[PDB]
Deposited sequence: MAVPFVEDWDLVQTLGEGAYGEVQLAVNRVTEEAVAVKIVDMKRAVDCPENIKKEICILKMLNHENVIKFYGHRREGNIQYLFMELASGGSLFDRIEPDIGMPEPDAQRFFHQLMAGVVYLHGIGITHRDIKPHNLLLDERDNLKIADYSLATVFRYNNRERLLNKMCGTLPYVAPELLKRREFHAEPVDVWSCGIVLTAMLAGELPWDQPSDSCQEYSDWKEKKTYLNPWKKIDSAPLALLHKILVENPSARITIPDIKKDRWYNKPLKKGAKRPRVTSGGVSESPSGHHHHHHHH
């Protein structure tokens, strides 16, 4: 249970995406997080990880290959996930939701400005430092959507169905940025209502159909105050070229509303 200087002291998370361990240097005591994969894909991931330098995105410290097992050393977010701050059926107080949303948007503006799309934004991947600062984590699905100032459209299916934008189920090719925006709106919904509005955004999904018919007397929308709900009406728009952009989210009334 050791890699060079570091003792791998406990299991922080697991999955087909390897596992994540708490790592404590015996010399220096600096604690970090290490992702361990039993090993194309990771080469890309590491590459993306090395571009990342922003306070709302998990830092990459470096990596080590040891035969089959790659170790990736990353910022430790000692407050865990946003998922665990969401109370089922209630959400969280609106001012915390707002602050987290602000921080999410800063993170996403940054990724997009370096031409990176995350592609799987959801509360499980939004981690908290010890002062409750939100960090966007897990770049195993991320990719480059802008290079030498030329945009490339995406075609791969990536994501988690309740968070995924409807164009991804319906279009041969799609712009990257409105996909991540959509998912941020699902996150905001989850934060304010403690429940996901649909299993996936298709027309065979009744709850999705009801939203498009504006039945906001139903759950989860009935739990959400009118100011953030109006912003949700701009984000969760089925046509991705009519959907609100981040610069325009920044001008939204609820976004700029002072709160407790």
Self-check item: Stretches with no C-alpha atoms in the model, relative to the deposited sequence starting at 1
Solution: 1-3, 43-49, 271-297
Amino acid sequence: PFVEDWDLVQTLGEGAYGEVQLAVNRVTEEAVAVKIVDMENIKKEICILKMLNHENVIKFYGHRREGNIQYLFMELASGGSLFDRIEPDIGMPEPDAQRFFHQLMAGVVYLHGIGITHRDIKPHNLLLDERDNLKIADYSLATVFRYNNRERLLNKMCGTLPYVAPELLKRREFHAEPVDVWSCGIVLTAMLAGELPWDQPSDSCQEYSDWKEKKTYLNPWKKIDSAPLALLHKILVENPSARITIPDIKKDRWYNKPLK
From here on, numbers count along this sequence of modelled residues.
Quiz item: Should the higher mean CA B-factor in the entry be assigned to 251-259 or to 4-12?
Solution: 4-12
Practice problem: Determine, for stretches 119-127 and 76-84, which one has the higher mean CA B-factor as deposited. | Solution: 76-84
Quiz item: According to the deposited entry, which of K212, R65, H233, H54 has the largest Cα B-factor?
Solution: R65
Practice problem: From the list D199, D225, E195, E40, select the residue with the highest C-alpha B factor recorded in the entry. | Solution: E40
Quiz item: Where does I244 sit by CA temperature factor within its chain: lowest, middle or highest third?
Solution: lowest
Quiz item: Should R172 be placed in the lowest, middle or highest third of its chain by the C-alpha B factor in the entry?
Solution: highest
Quiz item: In terms of the chain's CA B-factor thirds, is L218 lowest, middle or highest?
Solution: middle
Self-check item: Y139 - Cα temperature factor, lowest/middle/highest third of chain
Solution: middle
